Every structure is written in C-alpha cells, then in structure tokens.
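Read off the chains here:
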Amino acid sequence: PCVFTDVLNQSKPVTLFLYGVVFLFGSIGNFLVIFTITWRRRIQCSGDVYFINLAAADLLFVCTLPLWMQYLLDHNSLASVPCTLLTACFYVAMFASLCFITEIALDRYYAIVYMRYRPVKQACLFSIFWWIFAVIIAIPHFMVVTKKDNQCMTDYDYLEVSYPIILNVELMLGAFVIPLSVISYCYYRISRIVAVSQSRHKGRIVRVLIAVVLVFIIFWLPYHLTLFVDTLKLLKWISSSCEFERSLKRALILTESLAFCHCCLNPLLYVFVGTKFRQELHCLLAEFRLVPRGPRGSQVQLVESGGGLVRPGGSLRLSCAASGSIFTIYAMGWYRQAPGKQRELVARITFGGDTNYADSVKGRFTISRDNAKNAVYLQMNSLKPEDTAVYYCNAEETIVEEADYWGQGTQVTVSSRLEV
C-alpha cells in the first residue's frame, strides 16, 4: 500500500482559501460580463455571443466551488448522486469554456484574415452546437467518477489501467494541445497583419492577443505537464516510489487549483480589456455604486460624401470609406448633430449584416455595407426638415473595441428657401 493521509490534510487549508478567492472574483467578474452585454443594451456582434457563452461556462464552473468547499470540510457529506452530478457540471463547464475560447479566435480569425463575418443569428446557432460538443466529449470524464467512496474521484479499482491513460491522452490533447495550437496560430496570423495595418490601435491589439496566450500557458501548462509525468508512471516508463506518488499528488493539487484561476481571468482577457466594455460597465456601475464620469489623425481617415441641399421628400445617398489599409474594423455607422441638439445615432450596420436604425428614421433610411472596401452607405429616402443636421461617419474596431474613427462630417439641409 501507500498512505496519503497527511498530504491531503496539509494542502486542504491552502486549497480552501484559493477556492474562496476563485469563487469570489470569478463569480463577480463573470456576472458583470453577462450583465454588461444584456442590461440597457443588446447583443451587437458575433463576439458578444461567444463572450456571454464563455462567461456562462465560467459561472457554471464557479458555482461548483462552494460545493467543492463543503466537500473538503466534510468528506462524507457528498453522496454518490450529487458527486457524479457535480462532476458533470465541472467537465461540461470546463470543455465549453475551452470550446468557446477556441471559437473566439476562429470567429476573429475568419473575420480578420479572410474577411468573412458571422451574424448574431448564426453565432447563436454555433454556440448551441459547441455546448452539445462539450457534453458529448465530457461523458467519459464523469461516468467513471461516480464513486461515493471515501474519496469521490476516478477510483480505477475496476476498468483496465490503460483506461485512465486514454482518458488523459484525450484530456491532454483535447483540453490543452488542440486549444493552445489553434489560438496561437490564429492570433499569430492576426497579429502579423495588424502590426502592419494602418490601425491606430495596432500596438495594443497585439499586446492583448499576446496576453491571452501567456495567461493560457502559465495557468494550464503546469497542470498538463504534471498529468504528463503521471501518465508516464502509468506507462511504467519511469519508476515511482510511495513518496514519489505523494509528491505527485501534492503537485497535482496545487497546479490544479492554479488552473481554476483561469476562469477568473477570462473577463480580463476578452471583455473588460476593451474600452467600449469599460465605458459600458462604468455607466452601469454609475447608476448604482460609482461616480458618473464627466493620435487624432495621420492614419486611417473616413472619407464622407453625399451631402447637400434637397427639398422635403427628396433623396440622398451618403458614402463613407476608410482611407487606409485596416483589417480590424467590424462595424460602421452614421451619427448626426442638429444645431442646439446632441449627437445621436441614426443607422449602424455590422459586417455580419445585423442592422440597427433609430426610431425617427426607421422605415425611411436604409444602411448598407461593403466589407472588402470597409465602406458603408446610407440611403435617405423621403427626407424631412427635421433631418437637417451634420451627419458624421463612425467606424468600430474589433478586439480592442474602440470607436474613435470619425469623419469630417457632411451637411444635410432640407428646410430651406424655395420659390414656386
């Protein structure tokens, strides 16, 4: 035999604290993500869909931590039926978190390098598929863990000794090798394009994508590197004393809790690294528990054209395009400002196709796009004298989520002096 009674009892108090830490910040940060994109605003692009789904996978994960904490406090208190069920939510939430993390890069891969964009309706459908794929891939990971023994876990007293090895290989490549290979290749292809583009945020874009990979490695690699030498023990390629298995168990415990911190960093790696999500969160925090908050060129410029004077009921076509080579723009829109009034949105269209019009112009104006040329046109039929304002063109950028691309502004006058 080989006893492990003292190693688990000495690591338990350290593990219980970090669990509470991961449960505290992970539940707050991942609730704010969902709350920011759905409160007093709606879903805009295909990234928000995957962001919510990633936050949903993290919430389901973090909600198991208080149950895991009650398990260490009293080992017996967890029965069979809850342990298999609690373990089911653990792996399903883990694989879906990894599935959607990979989908972040791919959707931004096809959008940046290949200029193919997915609308929200398609992104929701794929999200359903990813949850299904995460469940079917988690079946062999909890069906063996349904042991209400002294310690709930694999407990491979039965099954062949190669069964944990196949499960580790499937776990090592499915949860680390394949995800890290895709997001490294995707963000490398993207970074080498942005660094040469004319984007005014090209510096921070690459630094954002680099942070995603580093945090993913320094938090997941220690756990899979420890599973690698554990699989080496099962393969009988290396020797293992009783003490060696105890050192390997303690290394498994600490590095596994390290991987649990990754679900607390996902809000800081995708969502709240963007200025638009920071400003949107700052307004939500402002109504309740925060204070209301109260280059410029020589790069990419928005060429505007189509303004002029026209009688009431006439027609105009506004045109806007990017004067540089930028590949990180995912949406553009039109804004106007009447004398003595504030700047208001009139028509916004994303490169996925989802359009959004203002109340006063809906049914009269029609906004259209061109992805390959980064151009957006606004057909203004049945013009009214109330539409007399200075129309500005705006462009939005991906990853960093900035909308500081503005045009010079074109004039649209309807109510003027006309003779018989």
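For this deposition, the record names X-ray crystallography as the technique by which the model was determined and cites 3.508 Å as its resolution.

Chemist: An account of the environment of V400 is requested, with residue identities and associated values reported.
Modeler: By the element assignment, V400 lies in the loop between strand 9 (389-397) and strand 10 (405-406). Each C-alpha atom, one on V400 and one on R311, is 42 Å from the other, the two residues being 89 residues apart in sequence. If we ignore the near neighbours within four places in the chain, the residues touching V400 are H201, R204, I205, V273, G274 and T275.

Chemist: Please provide a residue-by-residue account of the state of the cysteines, values included.
Modeler: With the rule as written, the count across this model stands at three disulfides. The disulfide partner of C2 is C242, and the gap between their sulfur atoms is 2.0 Å. The disulfide joining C2 to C242 has a torsion of about 90° about its S-S bond and is therefore right-handed. Here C242 lies in helix 9 (residues 242-260) and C2 lies in the segment before helix 1 (5-38), a separation of 240 residues in the sequence. Judged by relative accessible area, which is 32%, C242 ranks as partly exposed. The partner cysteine of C83 in its disulfide is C152, sulfur to sulfur 2.0 Å.

Chemist: Outline empty space enclosed by the protein, listing residues and values.
Modeler: Over the atoms rolls a probe the size of a water molecule, and its path tells where empty space is left. In this structure, the second largest cavity encloses a volume near 40 Å³. Of all the secondary structure elements, the ones that give two or more residues to the lining of the second largest cavity are helix 1, helix 2 (46-62) and helix 10 (262-271). Considering each element in turn, the lining of the second largest cavity owes the most residues, four residues, to helix 2.

Thresholds, definitions, all that
- Residues numbered from 1 in each chain as written, not as in the entry; some residues may be left out.
- Heavy atoms only, no water.
- Residues with missing side-chain atoms left out of burial classes, pairs and counts.
- Helix = DSSP H or I, 4+ residues; strand = E, 2+ residues; numbered from the N terminus.
- Contact = heavy atoms within 4.5 Å.
- Disulfide = S-S within 2.5 Å.
- Buried < 20%, exposed > 50% of the residue type's maximum accessible area, 1.4 Å probe, protein only.
- 1 Å grid on protein atoms, 1.4 Å probe; cavity = no way out; pocket = protein on both sides within 12 Å on 5 of 7 lines; lining within 4 Å.
- Points joined across faces, edges and corners; volume = space filled by probe spheres on them.

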